[PDB]
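Visitor: So I've got this experimental structure, pasted below with the sequence.
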Amino acid sequence: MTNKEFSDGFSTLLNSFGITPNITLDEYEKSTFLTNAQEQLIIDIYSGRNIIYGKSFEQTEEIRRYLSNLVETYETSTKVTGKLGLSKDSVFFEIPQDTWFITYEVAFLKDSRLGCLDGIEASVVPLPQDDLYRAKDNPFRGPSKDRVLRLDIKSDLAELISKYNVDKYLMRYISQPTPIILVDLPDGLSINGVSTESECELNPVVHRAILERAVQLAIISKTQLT
Amino acid sequence: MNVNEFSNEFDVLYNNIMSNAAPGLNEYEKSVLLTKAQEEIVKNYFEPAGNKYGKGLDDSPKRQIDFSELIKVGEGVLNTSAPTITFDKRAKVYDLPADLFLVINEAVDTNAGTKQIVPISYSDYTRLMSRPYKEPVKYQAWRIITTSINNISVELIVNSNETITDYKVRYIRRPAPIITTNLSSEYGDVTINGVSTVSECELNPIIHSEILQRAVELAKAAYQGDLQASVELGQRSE
């Protein structure tokens, strides 16, 4: 569905300007509620907390077809120099700053010590800080040629603890979806920092579910004190 | 029924049957009372509370057919002829037709399609400009009356990045006076609303009897002349 179709369906479902009591929204309010419904729905889908679906990020074909258009791949070889880490062999990499959740995360290694295995792809294991001390020396869950520990730190950074030098850092995350903005908003206004029209980038399959959730949010907004 | 029939039946209903007959009315007086009755009937019938039935402009077939001959459609002229101070920075000033009595429907044709104009009140203006958006809904536009001289000037507020192509106004034309005879005189030309020539009732014949009855009632109230009659029959001026 397009922005015009989004607005028209929103009005039709809300029974705007009908004879019965009803609710009429501005295009800014329609955009706000559509964006809120979109982001709520995709977060609930990713966490598997939607009772209707009850499935996780890629647990079935339906959810794949829903959130296929947020999956973005990223590559980086630059390392942030001045930072204080929890180990000597700690390197820091920037995050794209539009990430929502990291779903695939792997690290290529370039070191002489692992001879004839150079350029080995290594599995970045997100490790909590409780386990870090007892995982540094762990030969089965600690850093090694086939495994790297990533700890999240401030300023959108990723502290990669490896026994070998880390050359490249690969990611595949869920991106910020573009907001659903149905009209070029006036000066000052914006949704997610976007002022112009913005079409939903997901598939049309989930557009109608987003519309239903946005409508429900609208009625909740108008009918939370009565 | 033409002006001659108004005057003749006015005499018949006023003083040709009454027992202790009163002095007959001059044609200027009859024309005055007929015009006043015309405006009074129009104002009574436009507002539901103004008449005994509780029915307004379009609340029954009779009320439709009453104003059928008084409805007119025109266009507002863009008021870029001279500079002016608009209350709202993003409002385009338009001038309504001179012969305007009441506005019942307005519409504006923009590049984004036709949009119905909603006349927003001053309290609704204050409420709506307190919200973050400050623009109309999708298929409507907003309107407020601005500095008007000799004719109504109107401020149209549309959504951003929209240009107005035309501004049609379905209004009720100002009724023309009912004048029985050429009021030209050597002693001085008298006029009802600026016209001394004969002027027929330009409304449907369905309400000609109604206007005549109201004229007779006003004539007899003036004849009585006490404060009571004037006060109770002024309640229907509205």
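Guide: Good, I have the coordinates. Numbers count the residues shown, from 1 in each chain, chains lettered A, B, ... in the order given.

Visitor: what about the residue of chain A found nearest chain B, is that helix, strand or coil?
Guide: The nearest approach of chain A to chain B comes at residue A:28, 4.0 Å away (C-beta to the nearest C-beta). From N, CA and C alone the C-beta is placed, and that goes for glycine too. Secondary structure state of residue A:28, per DSSP: H, G, I helix; E, B strand; the rest coil, is helix.

Visitor: What number of residues are in the vicinity of the nearest residue to it once chain neighbours are set aside?
Guide: Using C-beta to C-beta, 6 or more residues apart in numbering or on different chains and skipping residues adjacent in sequence, the residue nearest residue A:28 is residue B:133, 4.0 Å away. Using other C-beta atoms under 10 Å in any protein chain shown, residue B:133 has 20 other residues around it.

Visitor: Same question for the one 5 residues further on.
Guide: Here the number of neighbours of residue B:138 (other C-beta under 10 Å) works out to 22.

Visitor: got a list of what it touches?
Guide: Taking C-beta atoms under 8 Å, 6 or more residues apart in numbering or on different chains, we find residue B:138 in contact with A:7, A:11, A:27.

Visitor: looking at those residues, which has the most residues close by?
Guide: The contacts of residue B:138, ranked by neighbours (other C-beta under 10 Å): first place residue A:27, 22 neighbours.

Visitor: Show the contacting residues for the residue nearest the centre of chain A.
Guide: Nearest to the mean C-alpha position of chain A, by C-alpha atoms, centre = their mean, lies residue A:100 at 2.5 Å. Going by C-beta under 8 Å, 6+ apart, residue A:100 touches A:46, A:70, A:173, A:174, A:175, A:176.

Visitor: quick one: it is in a helix?
Guide: No - under three-state DSSP, residue A:100 sits outside any helix and is assigned strand.

Visitor: Get me the contact residues on chain A for chain B.
Guide: By the rule C-beta under 8 Å from any C-beta of the partner chain, the part of chain A lying against chain B is A:7, A:11, A:24-29, A:183-186, A:189.

Visitor: I'd like to know which elements the helix or strand hosting residue B:219 is packed against.
Guide: Residue B:219 is part of helix B:208-224, with elements assigned from DSSP states H and E. Here helix B:208-224 touches helix B:3-14, helix B:27-46, helix B:227-234, going by 3 or more C-beta pairs under 8 Å, 6 or more residues apart in numbering or on different chains; DSSP states H and E.

Visitor: thinking again about what came up before, pretty sure the residue of chain A closest to chain B contacts residue B:136?
Guide: No - Residue A:28 lies out of contact with residue B:136 (C-beta atoms under 8 Å); the separation is 11.2 Å.

Visitor: ok, the residue in chain B that chain A sits nearest to - contacts?
Guide: Nearest to chain A in chain B, going by C-beta to the nearest C-beta, is residue B:133, at a distance of 4.0 Å. Each residue near residue B:133 by C-beta under 8 Å, 6+ apart is listed here: A:26, A:27, A:28, A:29, A:185, A:186, A:189.

Visitor: tell me the two of these that are most distant?
Guide: Farthest-apart pair in those is A:29 and A:186; separation 13.8 Å (C-beta to C-beta).

Visitor: which one of the contacts of residue B:138 is nearest residue B:232?
Guide: Nearest to residue B:232 out of the contacts of residue B:138 is residue A:11 (C-beta to C-beta; 49.8 Å).

Visitor: My guess is residue B:198 contacts residue B:184. True?
Guide: No - when contacts are counted by C-beta under 8 Å, residue B:198 is not listed as touching residue B:184 (10.5 Å).

Visitor: between those two, which one's more packed in?
Guide: Set residue B:198 next to residue B:184 and count neighbours by other C-beta under 10 Å: residue B:198 wins out with 15 against 11.

Visitor: what does chain B put close to chain A?
Guide: Contact residues (C-beta under 8 Å from any C-beta) of chain B with chain A: B:131, B:132, B:133, B:134, B:135, B:136, B:137, B:138, B:159, B:160, B:161.

Visitor: chain center to the host helix or strand of residue A:11: distance?
Guide: Taking DSSP H and E as the criterion, residue A:11 maps to helix A:3-14. A distance of 27 Å separates the C-alpha centroid of helix A:3-14 from that of its chain, computed with C-alpha atoms, centre = their mean, to the nearest Å.

Visitor: Show me what that helix is packed against.
Guide: Using 3+ C-beta pairs under 8 Å, 6+ apart as the contact test, the elements touching helix A:3-14 are helix A:27-47, helix A:207-222.
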